[PDB]
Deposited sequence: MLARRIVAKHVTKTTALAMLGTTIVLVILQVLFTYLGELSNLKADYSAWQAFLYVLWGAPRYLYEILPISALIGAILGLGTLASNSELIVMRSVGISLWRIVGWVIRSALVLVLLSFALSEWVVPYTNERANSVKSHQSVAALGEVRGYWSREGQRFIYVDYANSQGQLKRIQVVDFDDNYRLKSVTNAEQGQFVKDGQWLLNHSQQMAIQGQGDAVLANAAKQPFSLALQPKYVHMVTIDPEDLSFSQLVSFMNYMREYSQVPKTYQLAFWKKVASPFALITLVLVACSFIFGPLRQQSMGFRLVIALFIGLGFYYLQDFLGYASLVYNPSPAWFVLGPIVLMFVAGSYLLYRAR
């Protein structure tokens, strides 16, 4: 079967793309209205327009789940209200086959989300920040039993006012070394000048020692873990884990990123089950209102359980993959009720 498959896939894909365009335009306008209150001498209306325009890929990435939900709702509602899904069943096409056809359209949005997160958002966000406001200062980090502090760090391998403190398994001091400038030549060792060490007293004009800081990740410490792309997030978490403890705010971001395609697919499945179930024979306006309510509820629930994952003991995997699994089960049951 291909013609019915193309019909359903094309209708739902066009609905998803139309909802995507509408929601992206609406969020761009809404943020521009919000950004219009911060204009000043060096931040004109044109600058704030470019700031929200460069943030459009991020808004798109954030809309794609709810865009897919509303697109599935509208596309399947157009078919159901026209009594087309009834005659697809009258010939022997299951509910799950139609759901799979809609998931085929949702996979395009999943791939678009992947592409945006990997290659578009990390660049347009940097462009937006450069447009608005126009390397980390006072970088504090721990490497196992050693605590290192640098006042100024550069992505090209420059350090200023290095301070390293060592300890034992019993937490006893060995040497508190301080430097003025530092350079990066190889992993696990940095060249520096004005090398002053305590001893439990020593000085050296120039000598390198072992420290695990790497210039590749220095520009990511300022970036919030949510904003980081998946490749950046995984590389940074690996680097931190190999030398320190990864914060829970990074595990949470990793689990919200690895579970976004599954959340999108589950949301589309819930939309399909609602169209075949409770939202059958309802008007299109009511279907759209319920789709907005479900989108808001899902966004609020995922945000709250992300916040709750940072304060409660269990891993953020439970708090992120929990709602997705529960909504998939609910949608599958509503599809079983036919």
Completion exercise
Note to self, deposited ranges with zero CA coordinates are 1 to 3, 138 to 144, 211 to 217, 356
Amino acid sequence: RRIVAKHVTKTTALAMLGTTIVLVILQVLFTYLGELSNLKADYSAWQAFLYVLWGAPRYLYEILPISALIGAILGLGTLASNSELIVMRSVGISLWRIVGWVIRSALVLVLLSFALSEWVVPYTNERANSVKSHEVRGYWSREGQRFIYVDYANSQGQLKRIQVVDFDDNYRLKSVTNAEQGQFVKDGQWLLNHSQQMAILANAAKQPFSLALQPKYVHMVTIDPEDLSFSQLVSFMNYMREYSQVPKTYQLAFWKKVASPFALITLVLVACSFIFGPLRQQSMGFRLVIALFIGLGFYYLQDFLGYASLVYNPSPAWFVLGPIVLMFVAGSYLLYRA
From here on, numbers count along this sequence of modelled residues.
Problem - Test item: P208 lacks coordinates in at least a third of other entries - result: yes
Problem - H134 not built in a third or more of the other entries - result: yes
